[PDB]
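See structure below.
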Amino acid sequence: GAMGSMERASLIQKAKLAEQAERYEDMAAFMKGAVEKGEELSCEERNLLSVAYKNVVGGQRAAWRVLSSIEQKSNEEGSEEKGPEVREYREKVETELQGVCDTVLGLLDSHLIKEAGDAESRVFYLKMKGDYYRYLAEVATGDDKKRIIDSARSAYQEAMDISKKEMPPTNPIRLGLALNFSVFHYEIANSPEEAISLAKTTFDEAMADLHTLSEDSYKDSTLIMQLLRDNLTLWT
Amino acid sequence: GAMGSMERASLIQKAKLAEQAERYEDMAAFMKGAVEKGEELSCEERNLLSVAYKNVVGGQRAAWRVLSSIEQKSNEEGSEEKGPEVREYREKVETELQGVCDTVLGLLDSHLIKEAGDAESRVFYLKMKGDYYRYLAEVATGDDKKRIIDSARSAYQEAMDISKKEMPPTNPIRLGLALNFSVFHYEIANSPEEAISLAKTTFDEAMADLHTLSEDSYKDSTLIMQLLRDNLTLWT
Amino acid sequence: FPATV
Amino acid sequence: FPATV
Ligand SMILES: [Ca+2]
Ligand SMILES: [Ca+2]
Ligand SMILES: [Ca+2]
Ligand SMILES: [Ca+2]
Ligand SMILES: [Ca+2]
Ligand SMILES: [Ca+2]
Ligand SMILES: [Cl-]
Ligand SMILES: [Cl-]
């Protein structure tokens, strides 16, 4: 690995600097290097890993959507032929996106998930597995699309089962998992009713547990609850 | 070159797509490939080249400034020692920035400037030469700093001399050159009075020529005039 | 697009 | 920072 010669602590320090500088590709490379040291990640370090790759893949997804829309318009009736360039460039961006997803999934499989025994870490990583399969599903069109969708579903489901047994209904990781799995149902699995039911049930069960929380915990949980409500408003 | 196998027209088409997708690193690579085909650039193609590299180096400059500020604070009295990491990462970003500047300067030297005979193209390229030396000057601290500053000055001065002889005082390229050279005086050359005098004289001479212009040309010229006024307000 | 975290 | 184009 490119970061093999840098201390773990230095990689973490530089990931934080990269975040401050909005250098998310660098941040991701530093965090990949940190993971490859082989030690488990702390809570803070999990957040850094997430933030880095979310920003990288988020930019790729946005670009892919722009290019896909242009490509769709080119294939409309009465649209003038412009040659292979739109498809080629969409394919280039797509391949880069898939490479980032494969990188993340590789870190989770080697060996973050298998060493994660605490509920918070295991749910966090399985949620991430579901998310990155979801991103692969967004661009899939071939004979593996169904299997990619099922890989996302399976990861989310395992995370859900653990979260319901081991975490309170207000736990931010549990809430964020439910938010994202609900979006999977709506956008990927063609199951809008399941999406809506999950978001509603999650919201309501969290509402009922808010009374147990400190001011700081309340802030965290209510922020994510509002995202659930936002999606519900979009969908109903 | 990496883009040696792609048609010139395809590179231009993909640069435009990359712009739409806000993929400025790709845009820059496509435009570098187009320049390396060896043909002169059109007006539209000059704009594409500018936009691509301006966005790439702009992000690097912003990151460099963030890191430099952190580094400065670390070297204050009573600041706890955090090791070599801030300096190292600032140096990494700096080296990448310098590499982009060297790439641009290389394209101008091989062979955009020497083949540019029309005033608009020659001034455009010499302005760009001044700009990218200016970016190198922003990060320079060694025994070459004076020479880098003088390289910027010399390019800007040659552009100014041509622009005053060959272009109307409202010409957008002439105006943008003056705007940037004025900033060079203020921020790089420690000559704020020269900066202010240049911005004022430029503004006033443009104002006096607006009556000659169509609505569309008027819009272009007045936009840049407002940037001159903005800098004057900042400086006075 | 819907919200995710 | 001042404006440039
Ligand atoms: Ca070590
Ligand atoms: Ca593909
Ligand atoms: Ca229904
Ligand atoms: Ca050809
Ligand atoms: Ca250096
Ligand atoms: Ca004075
Ligand atoms: Cl391509
Ligand atoms: Cl570094």
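Naming: A, B, ... by sequence-line order, numbering from 1 per chain. Order of listing sets the numbers, starting from 1, for every ligand and every atom in it.
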Any N/O/S atom from A:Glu91 (main chain or side chain) under 3.0 Å of the Ca ion (ligand 2)?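 Within the cut-off used here (under 3.0 Å), A:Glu91 places no N, O or S atom near the Ca ion (ligand 2).
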Closest N/O/S atom of A:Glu94 to the Ca ion (ligand 2), by atom name?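 A:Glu94's closest N, O or S atom to the Ca ion (ligand 2) is named OE2.
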Inset, instruction - Could you check B:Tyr135 against B:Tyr53 for ring pair (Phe, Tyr, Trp, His ring centres under 6.0 Å), going step by step and ending with a plain yes or no? - result: CA-CA 12 Å; B:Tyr135 308 148; B:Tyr53 281 107; over 10 Å; no
*Is the B:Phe30 to A:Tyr89 ring centre distance short of 6.0 Å?*
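Between A:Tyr89 and B:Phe30, which both carry aromatic rings, the centre distance is below 6.0 Å.
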message = Please give the atom name: the N, O or S atom of B:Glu193 nearest to the Ca ion (ligand 6).
response =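 Distance check against the Ca ion (ligand 6) picks out OE2 in B:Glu193.
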Which atom of A:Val51 lies closest to which atom of A:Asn55, heavy atoms considered =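 What the structure gives for the nearest pair is O-ND2, 2.9 Å.
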Item to check | NZ or CZ of B:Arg147 within 45° of B:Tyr133 ring axis and under 6.0 Å | outcome: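 No.
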